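Undergrad: experimental structure and sequence below, a few questions after.
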Amino acid sequence: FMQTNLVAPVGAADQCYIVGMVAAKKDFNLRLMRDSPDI
Amino acid sequence: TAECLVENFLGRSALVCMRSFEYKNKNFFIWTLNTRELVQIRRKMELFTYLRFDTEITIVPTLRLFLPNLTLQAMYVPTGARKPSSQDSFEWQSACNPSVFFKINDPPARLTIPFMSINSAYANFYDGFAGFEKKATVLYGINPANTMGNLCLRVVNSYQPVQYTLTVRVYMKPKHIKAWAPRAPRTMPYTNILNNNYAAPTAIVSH
Amino acid sequence: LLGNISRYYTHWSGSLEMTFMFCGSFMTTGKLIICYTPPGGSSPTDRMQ
Amino acid sequence: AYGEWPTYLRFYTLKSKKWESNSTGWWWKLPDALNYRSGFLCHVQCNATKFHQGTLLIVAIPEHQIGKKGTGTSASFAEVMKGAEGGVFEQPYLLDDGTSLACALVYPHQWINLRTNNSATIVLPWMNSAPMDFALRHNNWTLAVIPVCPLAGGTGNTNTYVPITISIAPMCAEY
């Protein structure tokens, strides 16, 4: 959430963007196979 | 160096109460010890947020007739105890309670009060209301632990035909002072003896 | 990769991590609160929750 | 500074105040802002981009009885209680206490000057003359923040709202 509003200089637009990324950690485990529904 | 030690800065005996009453062809005092009745000592004291001290108090009478060496009683009444109704009252007799009788022509009476509060120091400012919960009538900042009792005084021999005014002057030497949390100086006139309000107003120094 | 690989399997265990990244101009700043809702929680409706 | 580690005997982040070139200043009262014998610490920073100009004095005052102009009348509930929403300084130059802003540096003070630093932090150890206050009805410290020099820089759409973000932790609080 925008806890402050944004602040930017006169030379840079409000077209400012976040990228989000994810992974599992070292501790991860997957139990037992069942074929994927996406294809 | 001299009055640079805070006990010497503060320890000048302040005339904290100055009043009169007559006896002629009611008329007793009950003033609580708070140093807000006189403006110089108000400011000089307000430079510190908390102080712990004994108080010496000295009582000096004076007379304008219209000398009779009367007996004066000073009594100290603690925080929130009963206080008398008139020159005559059972309270002036109180068994469990400090008092001094002195004659007007003796050199003036002195007492020490030890440091007297349920809090560890006098909090010279306090911005709260109560120790448990607040009602509408509980005024902002008048802390009960700062009540410090009252000095109560009467003429004991007041039957006299002769007609006059007793003046009394009360001098407090706060003594053996320990102090904490200094403050920015109070740079503005004082409207009242309770809070700090005002009405120089918008520019503290000249051009 | 998390959601593709794991789709081949019955149930999963262990921790994740997000990484966010901000594509801004160097002179630009702001504070975003991020907050996380553990299992069984309600959605935080606004910044006070 | 007062030289205590925060001590007895998780932060909270207030919504950002929209500063402007004209703004007089803001305050919060502790514990009131948390809604307890404690070492509060307060950590305040500007969301200010490098073109911006102006400066804040950050001060924590003990037992700060807010006064008022033009009456002997004492403050009401709603004037002194403000929670995390906080209150304005009606007269910053008098610090509302009839005392000079210029002398407020006797209280533990820090500067946000936008050249040198956009961030400042203070430790507020317990000052109460009772050992553990427990009622909702007193505030031992007031955090105050005042624009000593007016906010400036930027143009047009930037609209001078350059926010202040305030953060508080009651570090080492016991009950």
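TA: Great, that's in hand. Numbering: from 1, shown residues only, chains lettered A, B, ... in the order given.

Undergrad: so where do the strands sit in chain D?
TA: Listed in chain order, the strands found in chain D under DSSP state E are D:12-13, D:26-30, D:40-46, D:53-62, D:87-88, D:109-113, D:119-124, D:141-152, D:164-169.

Undergrad: so for chain B, which of the ones you listed sits nearest?
TA: Taking C-beta to the nearest C-beta, strand D:53-62 is the member of the strands of chain D nearest to chain B, at 5.0 Å. No exception for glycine: its C-beta is placed from N, CA and C like everyone else's.

Undergrad: just checking: what are the partner strands of the closest one?
TA: strand D:109-113 (antiparallel), strand D:141-152 (antiparallel) (DSSP bridges).

Undergrad: and those strands as CSV, adding mean neighbour count?
TA: CSV is the format used below for these (neighbours: other C-beta atoms under 10 Å in any protein chain shown):
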stretch, mean neighbour count
strand D:109-113, 17
strand D:141-152, 20
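
Undergrad: can I get the strands of chain D in a markdown table with distance to residue B:42?
TA: As requested, those are exported to a markdown table (distance: least, C-beta to C-beta, whole Å):
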| stretch | distance to residue B:42 |
| --- | --- |
| strand D:12-13 | 38 |
| strand D:26-30 | 24 |
| strand D:40-46 | 30 |
| strand D:53-62 | 19 |
| strand D:87-88 | 26 |
| strand D:109-113 | 25 |
| strand D:119-124 | 27 |
| strand D:141-152 | 21 |
| strand D:164-169 | 33 |
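
Undergrad: centroid residue for chain C?
TA: residue C:18 (5.3 Å; C-alpha atoms, centre = their mean).

Undergrad: any idea what that one is bridged to?
TA: With DSSP bridges as the rule, residue C:18 is bridged to residue A:22.

Undergrad: what sits against it?
TA: Residue C:18 makes contacts with A:20, A:21, A:22, as judged by C-beta atoms under 8 Å, 6 or more residues apart in numbering or on different chains.

Undergrad: contacts only, for the first one.
TA: Which is residue A:20. C:18, C:19, C:20.

Undergrad: now the second one. Nearest residue, chain neighbours left out?
TA: Right, residue C:19. Nearest residue to residue C:19, sequence neighbours excluded (C-beta to C-beta, 6 or more residues apart in numbering or on different chains): residue A:21, at 4.6 Å.

Undergrad: surely the one you found touches residue C:20?
TA: Yes - counting by C-beta atoms under 8 Å, residue A:21 touches residue C:20, with 7.2 Å between them.

Undergrad: show me where the chain has its strands.
TA: All of this is about chain A. Using DSSP E, strands in chain A cover A:18-24, A:29-30.

Undergrad: you looked at the wrong chain, it should be chain C
TA: Counting by DSSP E, the strands of chain C are C:12-13, C:16-22.

Undergrad: looking at these, which is buried most?
TA: strand C:12-13 (a mean of 12; mean count of other C-beta atoms under 10 Å in any protein chain shown).

Undergrad: paired strands for that strand, with orientation please.
TA: Sheet pairing for strand C:12-13, using DSSP bridges, gives strand A:29-30 (antiparallel).

Undergrad: list, one by one, the residues from chain B near chain A.
TA: With the criterion set to C-beta under 8 Å from any C-beta of the partner chain, chain B never comes near chain A.
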